[PDB]
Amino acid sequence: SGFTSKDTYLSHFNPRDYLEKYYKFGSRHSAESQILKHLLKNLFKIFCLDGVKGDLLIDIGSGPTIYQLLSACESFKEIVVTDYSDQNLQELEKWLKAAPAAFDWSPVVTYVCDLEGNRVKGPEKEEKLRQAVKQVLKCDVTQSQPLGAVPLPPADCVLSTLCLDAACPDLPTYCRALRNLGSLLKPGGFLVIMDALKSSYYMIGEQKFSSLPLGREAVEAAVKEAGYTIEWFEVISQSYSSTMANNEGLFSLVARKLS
């Protein structure tokens, strides 16, 4: 081991656990909820207020979540979700069929439906997404071909939340990650990434997963220095509960692939 290996994810990552610990979106102002609320506002600002639209968006390291895709789905016609953990894909798929024993995302869904103008209702927001999500593929950011042999058109947007820091055991592995992800996008295409800053781990209940503790300095470096212009970059100091993670806040950026 050392830094959580690929198949520690295959074997110890519990989708349902994860969701409960991070995504229950309680009415009590928990660190996990403050952070979630912010990822939300940002994703709204990016996909509904800015000029981030397109035909195709690949969401990388989706894991078992969809919150990151509630706004994007008012901007893209085709949404391909991906993850390295087959059992996370299984949990997402549960939600896409809208099965009764799927995690309940409506507090979240609700939160978004306001941000956006309360124009549409939960039910209609959820349907809209289900129809966007066209495929659910296996992926690996540490491979020059993250979706393997699967044929997809050059994407307009690659997006990733709380993934690259987790999958990348070191800096070089990260920058290659970024480069490999760049191979899925057309030039002038958008890279949206949201991760934790200076995070060395995070806990899913009892089990602990590694994490490359990156500064804003190094992240910006490895992105410019990996083929992208940065449209904006935001840092929030707000962290996860100490029991949860050792992060120092979280960044999010929007980057353009050089032509």
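Each residue number is its position in the shown sequence, starting from 1.
Coordinates absent for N42 in a third or more of other entries: In none of the comparable entries (those modelling both sides of it) is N42 left without coordinates.
Other entries omitting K198, at least a third: No, modelled in all of them.
Look up the CA B-factors in the entry and say which stretch, 79 to 87 or 185 to 193, has the higher mean. Going by the record's values, the stretch with the higher mean is 185 to 193.
Once you work out the mean C-alpha B-factor for both 62 to 70 and 212 to 220 from the entry, which is higher? Per the PDB entry, the higher value belongs to 212 to 220.
Taking the values straight from the PDB record, which of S106, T161, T142, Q131 has the highest C-alpha temperature factor? Of the options given, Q131 has the highest CA B-factor in the PDB entry.
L250, C-alpha B-factor rank within chain (lowest, middle or highest third): It falls in the bottom third of the chain.
Could you say whether, by C-alpha temperature factor, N42 belongs to the lowest, middle or highest third of its chain? Lowest third - that is where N42 ends up once the chain's C-alpha B-factors are sorted.
Ranked against its chain, the third holding the CA B-factor of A31: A31: CA B-factor falls in the middle third of its chain.
Lowest, middle or highest third - CA B-factor, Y9: For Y9, the deposited C-alpha B-factor lands in the highest third.
Looking at the C-alpha B-factor of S242, is it in the lowest, middle or highest third of its chain? It belongs to the highest third of the chain when residues are ordered by C-alpha B-factor.
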